[PDB]
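Enquirer: The structure under discussion is supplied below as structure tokens; questions concerning it will follow.
All Cβ positions, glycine included, derive from the backbone under ideal geometry; neighbour counts span all protein chains shown. Each reported figure results from applying straightforward, stated rules to the coordinates on display, with no laboratory input.
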């Protein structure tokens, strides 16, 4: 259930504000080598980030 | 006492030095103190996050 606001082209390898399904943050987006199962959408590390 | 037993003392020192390496490598607890230090630091950082 998201909203009017529109889907900007995905910018990678740049410090970009990102809003993924209401999860907002700051960082660079890079190709990910970890293999998610079909079901998860979020990834977290040992530090709970 | 040294000069009359120079070869024996040299051999004993060499044997003890040789045994030092094996004694350090055999038991991981010998260096544990230093490891403990590092571990503590890690824990502190971890709990902060």
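Per-residue answers, yes or no, for (1) over 15 Å from the mean Cα position of the chain (by Cα); (2) surrounded by 10 or more Cβ atoms within 10 Å (Cβ to Cβ); (3) touching a residue at least 40 places away in the same chain (Cβ under 8 Å); (4) away from every other protein chain (no Cβ under 14 Å):
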| site | (1), (2), (3), (4) |
| --- | --- |
| B:2 | yes, no, no, yes |
| B:5 | yes, yes, no, yes |
| B:12 | yes, yes, no, yes |
| B:17 | no, no, no, yes |
| B:35 | no, yes, no, yes |
| B:38 | yes, no, no, yes |
| B:43 | yes, yes, no, no |
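Enquirer: Only residues in segment A:24-49 that are away from chain B (no Cβ under 14 Å) count as the first member; pair them with residues that are assigned to a strand (DSSP E or B), Cβ under 6 angstrom, at least 6 apart or cross-chain, and list the lot.
Expert: A:25/A:18; A:26/A:17
Enquirer: Only one of these conditions is not met by residue A:27: (1) under 28 Å from residue B:47 (Cα atoms); (2) loosely packed, with under 10 Cβ neighbours inside 10 Å. Which number is it?
Expert: (2)
Enquirer: Next up: Examine segment A:32-40 for a residue that is in contact with a strand residue (DSSP E or B) (Cβ under 9 Å, 6 or more places away or on another chain) and under 26 Å from residue B:46 (Cβ atoms), and state whether such a residue exists.
Expert: In the first step, residues of segment A:32-40 are kept if they are in contact with a strand residue (DSSP E or B) (Cβ under 9 Å, 6 or more places away or on another chain); the result is none.
There is no residue in segment A:32-40 that is in contact with a strand residue (DSSP E or B) (Cβ under 9 Å, 6 or more places away or on another chain) and under 26 Å from residue B:46 (Cβ atoms).
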